[PDB]
Amino acid sequence: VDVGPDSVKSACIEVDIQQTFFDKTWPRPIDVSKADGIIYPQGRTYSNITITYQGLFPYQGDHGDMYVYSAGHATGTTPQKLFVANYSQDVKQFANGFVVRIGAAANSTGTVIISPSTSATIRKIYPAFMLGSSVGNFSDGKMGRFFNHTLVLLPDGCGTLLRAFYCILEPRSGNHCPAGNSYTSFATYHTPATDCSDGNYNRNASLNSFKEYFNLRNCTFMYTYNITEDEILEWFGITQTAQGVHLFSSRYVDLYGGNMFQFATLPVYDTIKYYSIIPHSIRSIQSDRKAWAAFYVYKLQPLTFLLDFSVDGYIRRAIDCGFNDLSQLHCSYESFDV
Amino acid sequence: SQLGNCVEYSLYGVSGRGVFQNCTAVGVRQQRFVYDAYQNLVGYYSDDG
Amino acid sequence: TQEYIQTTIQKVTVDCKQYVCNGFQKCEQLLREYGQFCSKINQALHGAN
């Protein structure tokens, strides 16, 4: 698949990694009683019943891994260096997949990470992921390099589309790029000043920044999904079976409720073993920095849950039957009230 | 065309015998097949709407 | 005349899931296809106790 032209820049934008600024404690563990993180049973629905169900669920009380994106460095009206967390090097085992809590803090007053004394209203931002079968290091020894075909889930268009592609990422050799000099971390970015016009959003802004660090080769697919903009908390999930990689989301079926339904299957058949968060930095001017909501990643495992299906079929309440002894009791009677 | 009758059915691979009735929707529409607490099929969203 | 009248029996509960499968996940996976077997064992003994 033709995924557009290669970047023609001789250098990448310099990336400043300062993890201290991203070491925040904003815990939002899975609350199963509020049905957080639940992927709806896939081939069917139920109405007005309480039953146990076996499937891939996050654990009750799991804090997950918090990630937060920030504004880059600036001087007045001229954005400079990107500002990121050490995320690209933090490679996790995929296991059975994961769910992501996105935009939970939206509408709250938060912090601009790059400037701790500066407050701003928190806005939802979508996570970017890099997933694959094999990992290792880059030319200078830093980790986070993926080999062969890598699945990249890269939101773009200032949060209006999700772009999913499976391709070989060939590190570019220019300045601050992964096969070049003075490399730290790759990162994606968009520049609101030119990319997020009220009308014409740049649907390739994040793709184009990704392309500055890597050449995309042998892409087997590139798919896009549309996202209507809002500030609503949503869940995203990813799993993998013999049929491919399954992408789940709450926004196309249960927007306000949060249950996740499958929206896509990707033809990715090698086993995903590793994943990482692609750090993203927004090249805002100094005078227009926003607070971006943190997202939380929680791992899935084959658990039995007690699921309370409402008349309209949504799961609003659940019990993690292995959480504690009290939970085991509720599950054995298949009821929330014993 | 056969509401109220006992019919054999095969709905997207799901089969058995039963009687269909026109009624108020419950469950998630997108999931097509509505099951009860004993895992019987108890409702269905048809492609005719 | 001596007489003994039994009024109780020893009360016993069983961790049915452990009894049957000993912590093995493959077994537990197959055990699930027998329905809520262990719930029945536990409830019957709970009532008996």
# chains A, B, ... in the order shown; residues from 1 in each chain; ligands from 1
call {"tool": "interface_residues", "arguments": {"of": "chain A", "to": "chain B", "cutoff": "8 Å", "atoms": "only C-alpha atoms", "output": "list in words"}}
result
residues 42, 43, 44, 45, 46, 47, 49, 50, 51, 253, 310, 311, 312, 313 and 314 of chain A
call {"tool": "write_last_selection", "arguments": {"atoms": "N, CA and C atoms", "output": "compact mmCIF listing (two decimals), in the first residue's frame"}}
result
# COMPACT_ATOMS: atom_id res chain seq x y z
N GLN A 42 -19.16 -10.41 22.75
CA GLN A 42 -19.18 -10.06 21.35
C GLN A 42 -20.23 -10.57 20.41
N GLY A 43 -20.71 -11.78 20.56
CA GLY A 43 -21.63 -12.27 19.55
C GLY A 43 -23.09 -12.14 19.89
N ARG A 44 -23.40 -11.47 20.99
CA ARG A 44 -24.76 -11.43 21.46
C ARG A 44 -25.03 -10.34 22.44
N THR A 45 -26.29 -10.14 22.74
CA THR A 45 -26.70 -9.25 23.80
C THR A 45 -27.66 -9.92 24.73
N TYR A 46 -27.85 -9.28 25.86
CA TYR A 46 -28.73 -9.76 26.92
C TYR A 46 -29.55 -8.60 27.42
N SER A 47 -30.69 -8.87 28.03
CA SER A 47 -31.52 -7.80 28.55
C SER A 47 -32.11 -8.01 29.92
N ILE A 49 -30.73 -8.89 32.81
CA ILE A 49 -30.34 -10.08 33.56
C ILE A 49 -29.00 -9.89 34.24
N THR A 50 -28.73 -10.70 35.24
CA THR A 50 -27.39 -10.75 35.80
C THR A 50 -26.80 -12.14 35.61
N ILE A 51 -25.69 -12.21 34.87
CA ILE A 51 -25.04 -13.51 34.63
C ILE A 51 -23.54 -13.43 34.80
N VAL A 253 -21.02 2.86 19.73
CA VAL A 253 -22.20 2.14 20.19
C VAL A 253 -22.73 2.65 21.53
N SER A 310 -28.55 -4.12 31.59
CA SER A 310 -29.74 -3.31 31.76
C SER A 310 -30.77 -3.68 30.74
N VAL A 311 -31.95 -3.08 30.79
CA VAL A 311 -32.99 -3.41 29.82
C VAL A 311 -32.50 -3.10 28.41
N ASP A 312 -31.75 -2.01 28.27
CA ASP A 312 -31.22 -1.59 26.98
C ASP A 312 -29.95 -2.33 26.60
N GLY A 313 -29.56 -3.31 27.41
CA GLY A 313 -28.45 -4.16 27.14
C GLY A 313 -27.10 -3.68 27.54
N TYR A 314 -26.98 -2.51 28.14
CA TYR A 314 -25.63 -2.12 28.46
C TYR A 314 -25.22 -2.61 29.80
call {"tool": "interface_residues", "arguments": {"of": "chain C", "to": "chain A", "cutoff": "10 Å", "atoms": "only C-alpha atoms", "output": "ChimeraX atom specification"}}
result
/C:29,32,36,38-40,42-43
call {"tool": "residues_around", "arguments": {"residues": "residue 125 in chain A", "least_positions_apart": "6", "cutoff": "8 Å", "atoms": "only C-alpha atoms", "output": "count of residues only"}}
result
7
call {"tool": "atom_distance", "arguments": {"atom1": "CA of residue 187 in chain A", "atom2": "CA of residue 106 in chain A"}}
result
23.1 Å
call {"tool": "decode", "arguments": {"residues": "range 8-43 of chain B", "atoms": "N, CA, C and O atoms", "output": "mmCIF file, in the first residue's frame"}}
result
data_model
loop_
_atom_site.group_PDB
_atom_site.id
_atom_site.type_symbol
_atom_site.label_atom_id
_atom_site.label_comp_id
_atom_site.auth_asym_id
_atom_site.auth_seq_id
_atom_site.Cartn_x
_atom_site.Cartn_y
_atom_site.Cartn_z
ATOM 1 N N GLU B 8 -39.300 -23.396 11.889
ATOM 2 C CA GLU B 8 -37.893 -23.685 12.089
ATOM 3 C C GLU B 8 -37.179 -22.396 11.731
ATOM 4 O O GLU B 8 -37.615 -21.703 10.826
ATOM 5 N N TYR B 9 -36.080 -22.091 12.357
ATOM 6 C CA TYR B 9 -35.386 -20.906 11.904
ATOM 7 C C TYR B 9 -33.931 -21.147 11.753
ATOM 8 O O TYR B 9 -33.344 -21.974 12.451
ATOM 9 N N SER B 10 -33.348 -20.373 10.856
ATOM 10 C CA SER B 10 -31.914 -20.296 10.693
ATOM 11 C C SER B 10 -31.578 -18.837 10.453
ATOM 12 O O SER B 10 -31.807 -18.309 9.365
ATOM 13 N N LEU B 11 -31.063 -18.181 11.465
ATOM 14 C CA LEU B 11 -30.783 -16.764 11.385
ATOM 15 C C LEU B 11 -29.299 -16.550 11.532
ATOM 16 O O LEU B 11 -28.766 -16.702 12.619
ATOM 17 N N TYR B 12 -28.608 -16.284 10.442
ATOM 18 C CA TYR B 12 -27.175 -16.088 10.471
ATOM 19 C C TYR B 12 -26.488 -17.171 11.238
ATOM 20 O O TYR B 12 -25.690 -16.896 12.138
ATOM 21 N N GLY B 13 -26.873 -18.403 10.947
ATOM 22 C CA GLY B 13 -26.278 -19.596 11.507
ATOM 23 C C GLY B 13 -26.849 -20.058 12.811
ATOM 24 O O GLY B 13 -26.482 -21.125 13.297
ATOM 25 N N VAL B 14 -27.742 -19.277 13.382
ATOM 26 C CA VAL B 14 -28.350 -19.634 14.644
ATOM 27 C C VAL B 14 -29.640 -20.344 14.347
ATOM 28 O O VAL B 14 -30.449 -19.832 13.596
ATOM 29 N N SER B 15 -29.857 -21.510 14.914
ATOM 30 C CA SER B 15 -31.057 -22.232 14.532
ATOM 31 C C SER B 15 -31.760 -22.901 15.648
ATOM 32 O O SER B 15 -31.200 -23.087 16.729
ATOM 33 N N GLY B 16 -32.988 -23.253 15.362
ATOM 34 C CA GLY B 16 -33.842 -23.911 16.325
ATOM 35 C C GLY B 16 -35.268 -23.769 15.887
ATOM 36 O O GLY B 16 -35.537 -23.523 14.717
ATOM 37 N N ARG B 17 -36.188 -23.960 16.811
ATOM 38 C CA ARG B 17 -37.604 -23.844 16.501
ATOM 39 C C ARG B 17 -38.216 -22.820 17.431
ATOM 40 O O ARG B 17 -37.806 -22.729 18.584
ATOM 41 N N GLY B 18 -39.194 -22.086 16.945
ATOM 42 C CA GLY B 18 -39.862 -21.136 17.806
ATOM 43 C C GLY B 18 -40.910 -20.324 17.113
ATOM 44 O O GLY B 18 -41.204 -20.504 15.933
ATOM 45 N N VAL B 19 -41.471 -19.426 17.877
ATOM 46 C CA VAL B 19 -42.527 -18.564 17.448
ATOM 47 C C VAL B 19 -42.078 -17.135 17.531
ATOM 48 O O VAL B 19 -41.635 -16.689 18.581
ATOM 49 N N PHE B 20 -42.186 -16.407 16.439
ATOM 50 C CA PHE B 20 -41.770 -15.017 16.446
ATOM 51 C C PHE B 20 -42.935 -14.112 16.733
ATOM 52 O O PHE B 20 -44.055 -14.357 16.264
ATOM 53 N N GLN B 21 -42.685 -13.074 17.503
ATOM 54 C CA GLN B 21 -43.712 -12.083 17.776
ATOM 55 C C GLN B 21 -43.163 -10.693 17.612
ATOM 56 O O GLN B 21 -42.039 -10.407 18.014
ATOM 57 N N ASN B 22 -43.927 -9.774 17.115
ATOM 58 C CA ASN B 22 -43.539 -8.390 17.044
ATOM 59 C C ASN B 22 -43.513 -7.742 18.396
ATOM 60 O O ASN B 22 -44.623 -7.815 19.092
ATOM 61 N N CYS B 23 -42.465 -7.177 18.907
ATOM 62 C CA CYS B 23 -42.453 -6.626 20.229
ATOM 63 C C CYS B 23 -41.450 -5.513 20.465
ATOM 64 O O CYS B 23 -40.686 -5.164 19.523
ATOM 65 N N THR B 24 -41.461 -4.892 21.618
ATOM 66 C CA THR B 24 -40.550 -3.810 21.963
ATOM 67 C C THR B 24 -39.117 -4.280 22.075
ATOM 68 O O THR B 24 -38.826 -5.277 22.731
ATOM 69 N N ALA B 25 -38.216 -3.537 21.439
ATOM 70 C CA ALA B 25 -36.798 -3.846 21.455
ATOM 71 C C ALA B 25 -36.169 -3.701 22.803
ATOM 72 O O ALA B 25 -36.381 -2.715 23.515
ATOM 73 N N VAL B 26 -35.328 -4.675 23.116
ATOM 74 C CA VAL B 26 -34.507 -4.717 24.311
ATOM 75 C C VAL B 26 -33.095 -5.132 23.913
ATOM 76 O O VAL B 26 -32.923 -5.784 22.890
ATOM 77 N N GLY B 27 -32.118 -4.843 24.746
ATOM 78 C CA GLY B 27 -30.760 -5.293 24.444
ATOM 79 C C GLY B 27 -30.087 -4.325 23.481
ATOM 80 O O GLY B 27 -30.662 -3.288 23.140
ATOM 81 N N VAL B 28 -28.875 -4.656 23.050
ATOM 82 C CA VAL B 28 -28.150 -3.784 22.142
ATOM 83 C C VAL B 28 -28.449 -4.193 20.706
ATOM 84 O O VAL B 28 -28.169 -5.315 20.303
ATOM 85 N N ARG B 29 -28.966 -3.276 19.909
ATOM 86 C CA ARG B 29 -29.355 -3.552 18.531
ATOM 87 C C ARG B 29 -28.272 -4.090 17.670
ATOM 88 O O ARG B 29 -28.482 -4.993 16.867
ATOM 89 N N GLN B 30 -27.093 -3.555 17.852
ATOM 90 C CA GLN B 30 -25.942 -3.910 17.060
ATOM 91 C C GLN B 30 -25.506 -5.338 17.239
ATOM 92 O O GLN B 30 -24.765 -5.867 16.415
ATOM 93 N N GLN B 31 -25.936 -5.962 18.328
ATOM 94 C CA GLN B 31 -25.524 -7.308 18.632
ATOM 95 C C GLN B 31 -26.462 -8.368 18.058
ATOM 96 O O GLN B 31 -26.177 -9.561 18.158
ATOM 97 N N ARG B 32 -27.589 -7.940 17.464
ATOM 98 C CA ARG B 32 -28.552 -8.805 16.773
ATOM 99 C C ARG B 32 -29.338 -9.849 17.549
ATOM 100 O O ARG B 32 -30.551 -9.943 17.418
ATOM 101 N N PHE B 33 -28.648 -10.688 18.281
ATOM 102 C CA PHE B 33 -29.298 -11.775 18.993
ATOM 103 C C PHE B 33 -29.387 -11.530 20.486
ATOM 104 O O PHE B 33 -28.365 -11.345 21.151
ATOM 105 N N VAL B 34 -30.613 -11.557 21.015
ATOM 106 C CA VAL B 34 -30.849 -11.312 22.429
ATOM 107 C C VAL B 34 -31.049 -12.647 23.126
ATOM 108 O O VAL B 34 -31.937 -13.422 22.767
ATOM 109 N N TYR B 35 -30.267 -12.872 24.166
ATOM 110 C CA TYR B 35 -30.327 -14.094 24.944
ATOM 111 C C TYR B 35 -30.832 -13.867 26.345
ATOM 112 O O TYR B 35 -30.702 -12.771 26.890
ATOM 113 N N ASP B 36 -31.433 -14.900 26.910
ATOM 114 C CA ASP B 36 -31.868 -14.861 28.302
ATOM 115 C C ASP B 36 -30.793 -15.396 29.243
ATOM 116 O O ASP B 36 -29.660 -15.687 28.861
ATOM 117 N N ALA B 37 -31.163 -15.553 30.508
ATOM 118 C CA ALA B 37 -30.257 -15.965 31.563
ATOM 119 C C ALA B 37 -29.939 -17.454 31.542
ATOM 120 O O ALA B 37 -29.103 -17.933 32.314
ATOM 121 N N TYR B 38 -30.616 -18.212 30.669
ATOM 122 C CA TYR B 38 -30.365 -19.638 30.515
ATOM 123 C C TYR B 38 -29.717 -19.883 29.144
ATOM 124 O O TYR B 38 -29.620 -21.016 28.668
ATOM 125 N N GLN B 39 -29.292 -18.798 28.498
ATOM 126 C CA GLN B 39 -28.673 -18.768 27.183
ATOM 127 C C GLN B 39 -29.570 -19.234 26.042
ATOM 128 O O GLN B 39 -29.074 -19.723 25.025
ATOM 129 N N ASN B 40 -30.883 -19.032 26.169
ATOM 130 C CA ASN B 40 -31.769 -19.369 25.069
ATOM 131 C C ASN B 40 -31.865 -18.133 24.184
ATOM 132 O O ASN B 40 -31.753 -17.013 24.666
ATOM 133 N N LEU B 41 -32.140 -18.293 22.896
ATOM 134 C CA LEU B 41 -32.356 -17.082 22.114
ATOM 135 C C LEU B 41 -33.777 -16.633 22.401
ATOM 136 O O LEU B 41 -34.699 -17.421 22.242
ATOM 137 N N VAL B 42 -33.937 -15.394 22.862
ATOM 138 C CA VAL B 42 -35.264 -14.909 23.214
ATOM 139 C C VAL B 42 -35.691 -13.695 22.440
ATOM 140 O O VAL B 42 -36.811 -13.232 22.601
ATOM 141 N N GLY B 43 -34.835 -13.198 21.579
ATOM 142 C CA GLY B 43 -35.227 -12.079 20.765
ATOM 143 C C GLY B 43 -34.250 -11.891 19.654
ATOM 144 O O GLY B 43 -33.110 -12.352 19.732
#
